[PDB]
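Scroll down for the structure; my scribbles are underneath it.
None of the figures in this text is laboratory data; all of them are computed from the coordinates on show. Here the Cβ is made from the backbone with ideal geometry for all residues, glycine too, and neighbour counts use every protein chain on show.
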């Protein structure tokens, strides 16, 4: 019901959309559809909408999120976060 994925930066076109990009294997483990909310956690939590991974990122075990989201969580690029369906 929860997966751990490595934080990566958002593509500029995605900045400010409140989204997390993750690949189909990750969505399948969570049972989430594109557009559903997930909770992303280190110590604190943020809720972000699921979006599809870019082809180059598929299989890397990453979640792309923008700096506002990373700042709320106190996570750096490369840190793991827990992702869970809301």
Hey, can you tell me all the residues within segment 41-54 that are assigned to a loop (DSSP other than H, G, I, E, B) and touching a strand residue (DSSP E or B) at 6+ places or on another chain (Cβ under 9 Å)? 42, 53, 54
Residue list for segment 23-35, restricted to those being touching a helix residue (DSSP H, G or I) at 6+ places or on another chain (Cβ under 8 Å) and more than 17 Å from residue 84 (Cβ to Cβ): none
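Yes or no, residue by residue, for (1) surrounded by 14 or more Cβ atoms within 10 Å (Cβ to Cβ); (2) touching a residue at least 12 places away in the same chain (Cβ under 8 Å); (3) in contact with a strand residue (DSSP E or B) (Cβ under 7 Å, 6 or more places away or on another chain):
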site: 16; (1), (2), (3): no, yes, no
site: 22; (1), (2), (3): yes, yes, yes
site: 25; (1), (2), (3): no, yes, no
site: 30; (1), (2), (3): yes, yes, yes
site: 56; (1), (2), (3): no, no, no
site: 64; (1), (2), (3): yes, yes, yes
site: 83; (1), (2), (3): yes, yes, yes
Could you tell me whether segment 72-79 includes any residue that is loosely packed, with under 12 Cβ neighbours inside 10 Å, out of contact with any helix residue (DSSP H, G or I) (no Cβ under 9 Å at 6 or more places or on another chain) and either more than 19 Å from residue 2 (Cβ to Cβ) or touching a residue at least 12 places away in the same chain (Cβ under 8 Å) (or both)? yes
Please go through (1) outside any loop (DSSP other than H, G, I, E, B); (2) over 16 Å from residue 57 (Cα atoms) for residue 25 and return the number of the only condition it doesn't satisfy. (2)
Candidate set: segment 11-21, residues that are within 18 Å of residue 34 (Cβ to Cβ) and not in a helix (DSSP H, G or I); chosen: the one nearest to the chain's Cα centre (by Cα): 20
Give the residues of segment 36-47 that are in contact with a helix residue (DSSP H, G or I) (Cβ under 6 Å, 6 or more places away or on another chain) and surrounded by 14 or more Cβ atoms within 10 Å (Cβ to Cβ), sorted by residue number. 42, 46
Can you confirm whether residue 8 is assigned to a strand (DSSP E or B), in contact (Cβ under 8 Å) with a residue 60 or more places away in the chain and under 12 Å from the mean Cα position of the chain (by Cα)? yes
